[PDB]
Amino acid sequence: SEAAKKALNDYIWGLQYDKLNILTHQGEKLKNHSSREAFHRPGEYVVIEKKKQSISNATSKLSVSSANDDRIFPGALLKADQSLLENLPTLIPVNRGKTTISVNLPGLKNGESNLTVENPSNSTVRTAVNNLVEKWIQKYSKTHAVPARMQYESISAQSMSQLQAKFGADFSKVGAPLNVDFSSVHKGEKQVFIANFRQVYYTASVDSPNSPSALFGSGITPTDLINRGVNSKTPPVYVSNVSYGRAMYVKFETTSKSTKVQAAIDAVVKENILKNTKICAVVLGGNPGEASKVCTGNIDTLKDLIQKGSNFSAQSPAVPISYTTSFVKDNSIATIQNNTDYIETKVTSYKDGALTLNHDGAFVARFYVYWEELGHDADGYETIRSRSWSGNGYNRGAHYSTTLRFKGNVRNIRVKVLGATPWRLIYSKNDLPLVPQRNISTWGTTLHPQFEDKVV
């Protein structure tokens, strides 16, 4: 009998495979698609640029949904097959051995934190984990307090497949109540952000087994594992940790075009600020009585939701929200990597600008200034017209001041400027950004010409 343990230990260790490669899901791969589209709006020239982007996200913390709830418990034996990447893992149907568990609730004394389950199953482990929690409650709920641990992840909406690579393939099911309208990001009227909050009170983590065989009960042989499909193509893994508490997916729908909208989000999880938007959230782990999906609310309503779950209420045992898998072979943490391409629509506005040239010196100055203007021909393709200022190539005097007013379709602004000591340079720049107002000046002595470049 003891020889069965040995033989089974060698089949698990004998497996050869590349960890950081089996847990890789490759979505669509698209060919590069750089494209543009331009409008003319009062006071601005705005661009709607559609590009091809790729996202690669690696995570060891997997979400827990109503679809996979029964299959997720400390010590569950799973296959690193296709189902795990869809976050709907399939349990290896096989007998099991003892599973030693530990809980990190505060105060835990001596071996009061360690459990053992003889015949691991969902019901058996939840009851055993829930039993311990109820103990810690009555005896330490009042004296000890457990602050929630936050893991916050956010992104901008650019494809449904893009979101599945950041939060997991199960986002389509869990996020359906969000009804992320996606047509109008490509149209360009709204800017949608998605965020994930994971509020962890306690985590149940399994002690590393003394041997791979320990995770299997009766005289299990290497053979019966091969029938169940346990091999290098699909090596075995076990749920190493399960996190209980609260987790929520929330959407933000904005119309502003600030490139710092992500900063306003981070600020509320503690860089522009003021903004009235619409919100819609779906919550898992709330305290029944008052919870569920909540559409409406303006940031402050949201900030209280992030706050209303800052602490374990202690009304009952928490619900699992996230878990982690590990390889049976070497007891390493399994990473899941999701890669894909997607069409990234972006809106960018160029305001109207102005450049003022001033000369207050007793010295002969000569200016040269050029730029380029984008336009649309009859067919509709983006054109280029190289243009220069009329006031270039002429002599300028003591009290000279002139204002050039550029529109938003202007790039590659060049400034040549020379005086007299023949002609002599005093300043030179290229591709000056189109600031609402920039003032170029000059003054001093012919022996010592001086100058200024300023912005407001």
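Residues carry their position along the shown sequence, with the first being 1.
The modelled chain breaks between residue 270 and residue 271, where 10 or more residues of the deposited sequence lack coordinates.
Missing coordinates between residue 403 and residue 404 amount to none of the deposited residues, so the segment is unbroken. If you average the C-alpha B-factors over 17-25 and over 440-448, the higher value belongs to 440-448. Per-stretch averaging of Cα B factors for 325-333 and 257-265 places 257-265 on top.
Out of 86, 344, 134, 189, it is 189 whose C-alpha atom has the highest B-factor in the PDB entry. Comparing the listed residues 383, 110, 338, 199, the entry records the largest Cα B-factor for 110.
Among all modelled residues in this chain, the alpha-carbon of residue 367 has a temperature factor (C-alpha) in the highest third. Among the modelled residues of its chain, residue 375 has a C-alpha B-factor that falls in the middle third, as given in the PDB entry. When the modelled residues of the chain are ordered by C-alpha B-factor, residue 128 sits in the lowest third.
Among all modelled residues in this chain, the alpha-carbon of residue 426 has a temperature factor (C-alpha) in the highest third.
Sorting the modelled residues of the chain by their CA temperature factor places residue 67 in the middle third.
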